[PDB]
Amino acid sequence: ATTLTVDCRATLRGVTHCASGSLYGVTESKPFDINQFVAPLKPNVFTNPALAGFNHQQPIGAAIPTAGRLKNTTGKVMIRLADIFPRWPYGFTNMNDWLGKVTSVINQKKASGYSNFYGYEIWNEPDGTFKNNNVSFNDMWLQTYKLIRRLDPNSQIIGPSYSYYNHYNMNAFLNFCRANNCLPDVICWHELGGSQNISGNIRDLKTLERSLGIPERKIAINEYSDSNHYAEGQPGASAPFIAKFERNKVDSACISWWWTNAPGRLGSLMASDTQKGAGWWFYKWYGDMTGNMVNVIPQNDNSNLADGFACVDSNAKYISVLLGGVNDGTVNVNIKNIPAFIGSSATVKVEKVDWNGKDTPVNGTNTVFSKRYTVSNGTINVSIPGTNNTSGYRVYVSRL
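Below, the structure is given as structure tokens:
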């Protein structure tokens, strides 16, 4: 069996659904039915291009109208300023042109009156996309940072949004930022190579901040996926990402956008523009979580093996554990330090959502079992039989 231990004593923080969001997962058009497909997820942060159209990175996804469509949901919009420019890597022009366009965006953002902006992302993957531009990335960052501070001082500034976490890049950047009083409010990079290095990378960043005497910043992982782009929005592949983001108290994380012909599917949570996929149902369970997140001890934090995230709600009186990822065909979920409100006997409902493919409609979830468990030594040991690497699972515990 692959084993997870849920420690109800180890309170992390209030539920934030920190990893429920996507890059170009909501646009001006898609999903068409916000109340049906977006609101129930209780999403956190979406990343959207500052501008959209023929002069810009993509023809859809403009941040300001997207924020407007999300205003009745829990969702907030991070503005990707780099998407002002077309082509890959970005067709950066010059600092005069850039700062004028950023000024226009800041004016349009403030003028919209919408209050659900997460902040400004100065640049996207500068480790890969900002070379031979006649200005250094550091110099562009400082000048853009000063403009945003002048015109929108209460907004968050997010970066540097690297392709990959790298200690040496991040050290050079934070050293420059500390020297020039331009530290990001939210430190950000992408995890598009799988989940196996998240915990190490976050540890590395926190150790680096302490090393430079930088007060600990909020973290955003504003693109995440397995290396296999077909596994974007897959419940099993997604669970270790969410688990690690929750374990490390990440401020926000957004699913990748690998399928550029299919914007507006919430990170491949939708199978089509009219139907839910497997991931939607798994993220719906995540959005249902209330109360406090509690620590889950993974099989192996430095792996893509099955991992989970858990909430304890003393008001509604339940425990919910969500999990998935690579396993040996059985998953054991040991729940310890169980609150007295559960009593000596619990109803344990185990449910799953199966995945065939990102574009396969899924119309609901399946019960694996609902059974009585006796609490022994504050512990329930749940064994989930016949598990696979792509399904998502929930263990829901309440008093008998």
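So the sequence shown is numbered by the authors' numbering: it starts at 2 and just counts up by one. Every residue, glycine too, gets a C-beta built ideally from N, C-alpha and C.
Residue i by DSSP, collapsed to three states: which one?
| i | result |
| --- | --- |
| residue 25 | coil |
| residue 89 | coil |
| residue 48 | strand |
| residue 163 | strand |
| residue 208 | helix |
| residue 169 | helix |
| residue 306 | strand |
| residue 152 | helix |
| residue 376 | coil |
| residue 233 | coil |
| residue 368 | strand |
| residue 115 | coil |
| residue 70 | helix |
| residue 12 | strand |
| residue 288 | helix |
| residue 381 | strand |
| residue 238 | helix |
| residue 200 | helix |
| residue 61 | coil |
| residue 265 | coil |
| residue 106 | helix |
Per DSSP, residue i forms a beta bridge with which residues?
| i | result |
| --- | --- |
| residue 404 | With the chain represented from 2 up to 401, any question about residue 404 goes unanswered, as that position is not in the structure. |
| residue 4 | 333 |
| residue 179 | Partner(s): none; residue 179 has no beta bridge. |
| residue 271 | 277 |
| residue 312 | 294, 321 |
| residue 192 | 225 |
| residue 53 | Answer by DSSP bridge pairing: none, since residue 53 is not bridged. |
| residue 348 | 373, 399 |
| residue 80 | 49, 121 |
| residue 219 | 187 |
| residue 43 | DSSP, once it has assigned bridges, lists no residue as partnering residue 43. |
| residue 254 | 222 |
| residue 393 | 354 |
| residue 327 | 306 |
Would you mind working out which of the options sits nearest residue i, comparing C-alpha positions?
| i | options | result |
| --- | --- | --- |
| residue 40 | 49, 27, 242 | 27 |
| residue 99 | 108, 109, 90, 85 | 85 |
| residue 154 | 183, 374, 207 | 183 |
| residue 128 | 146, 173, 364 | 173 |
| residue 321 | 329, 335, 23, 190 | 335 |
| residue 236 | 101, 17, 357 | 357 |
| residue 267 | 139, 101, 43, 333 | 43 |
| residue 216 | 208, 223, 222 | 208 |
| residue 143 | 241, 158, 92 | 158 |
| residue 359 | 176, 234, 372 | 234 |
| residue 231 | 377, 213, 194, 218 | 194 |
| residue 343 | 107, 375, 362, 62 | 375 |
| residue 271 | 228, 364, 246, 316 | 364 |
| residue 45 | 76, 61, 339 | 76 |
| residue 35 | 139, 265, 324 | 265 |
| residue 6 | 95, 257, 299, 164 | 299 |
| residue 13 | 204, 294, 25 | 294 |
| residue 15 | 290, 399, 367, 302 | 290 |
| residue 89 | 105, 131, 74 | 131 |
Measuring only between beta-carbons, confirm whether residue i sits less than 8 Å from chain C.
| i | result |
| --- | --- |
| residue 44 | The structure shown contains no chain C; it is built from a single protein chain. |
| task | Tell me, please, whether the segment 11 to 29 touches the segment 64 to 75 by the rule of three or more beta-carbon pairs shorter than 8 Å. | result | yes
| query | Counting Cβ pairs closer than 8 Å, one from the segment 189 to 201 and one from the segment 239 to 258, do we hit at least three? | reply | yes
| said: Check whether the segment 13 to 22 and the segment 56 to 65 touch, using three or more Cβ-Cβ pairs below 8 Å as the test. | reply: Taking one beta carbon from each stretch, the segment 13 to 22 and the segment 56 to 65 have fewer than 3 pairs nearer than 8 Å; the two do not touch.
| message | With a threshold of 8 Å, are at least 3 pairs of Cβ atoms found where one atom belongs to the segment 318 to 332 and the other to the segment 386 to 399? | response | Touching, yes.
| Segments of 4+ residues assigned as alpha helix (DSSP H) that fall wholly inside the segment 120 to 152 | Taken in chain order, the unbroken stretches of alpha helix (DSSP H) that lie wholly in the segment 120 to 152 and span 4 residues or more are 127 to 130, 138 to 152.
| Do the segment 216 to 232 and the segment 275 to 290 touch if we need at least three Cβ pairs shorter than 8 Å? | no
| query | Between the segment 306 to 320 and the segment 70 to 81, do at least 3 Cβ pairs fall closer than 8 Å? | reply | no
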